[PDB]
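These notes concern the structure reproduced below.
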Amino acid sequence: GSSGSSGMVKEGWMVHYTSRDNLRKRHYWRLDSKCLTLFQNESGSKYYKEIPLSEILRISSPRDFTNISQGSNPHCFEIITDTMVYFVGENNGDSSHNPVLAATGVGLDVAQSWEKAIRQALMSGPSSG
């Protein structure tokens, strides 16, 4: 019951992969109460891709537990858009508060926060009525 949580301004390094190009990609993901943007680097170069809360239809189920040929680093959530499906999140294998490794944005813990933010922002804003 408060108006203060992660969502207004969130930035960090996140890794994702597309269905067509499984080639994982790591970039400084940035989200806000306006729209989501990607930054290839912190330096400050032309944006990469803009993902408006609108595009993000919804989140898929974790059912699909297959990202790479072989390994133990499944995904946490997936961003489904009218364009294509995006797989974001990486589980290293540890469920505990780690402000040391979670800093970069790697792990399930950190991911859980993002997924909640990107999703929480969907409802946060007013819907057509």
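For this structure, a couple of remarks:
- The C-beta contact set for the stretch 109-129 (first residue in contact (Cβ under 8 Å) with a residue 24 or more places away in the chain, second residue assigned to a helix (DSSP H, G or I) and surrounded by 10 or more Cβ atoms within 10 Å (Cβ to Cβ), distance under 9 angstrom, 6+ apart or interchain) is empty.
- Qualifying position, being surrounded by 14 or more Cβ atoms within 10 Å (Cβ to Cβ), over 15 Å from the mean Cα position of the chain (by Cα) and either part of a loop (DSSP other than H, G, I, E, B) or touching a residue at least 40 places away in the same chain (Cβ under 8 Å) (or both), among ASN92, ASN67, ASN22: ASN67
- Residue list for the stretch 70-88, restricted to those being surrounded by 12 or more Cβ atoms within 10 Å (Cβ to Cβ), in contact with a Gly (Cβ under 9 Å, 6 or more places away or on another chain) and not charged (D, E, K, R): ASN73, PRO74, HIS75, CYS76, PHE77
- Residues located in the stretch 33-49, provided they are exposed (fewer than 11 other Cβ atoms within 10 Å of the Cβ) and either among the small types (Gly, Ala, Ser) or in contact with a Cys (Cβ under 6 Å, 6 or more places away or on another chain) (or both): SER43, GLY44, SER45
- Residue in the stretch 43-55 that is under 16 Å from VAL85 (Cβ atoms), among the charged types (D, E, K, R) and either assigned to a loop (DSSP other than H, G, I, E, B) or more than 12 Å from the chain's Cα centre (by Cα) (or both) present: yes
No value in this document is a laboratory result; all are computed from the given coordinates. Note that we place each Cβ from the backbone using ideal geometry, even for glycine, and neighbour counts take in every protein chain shown.
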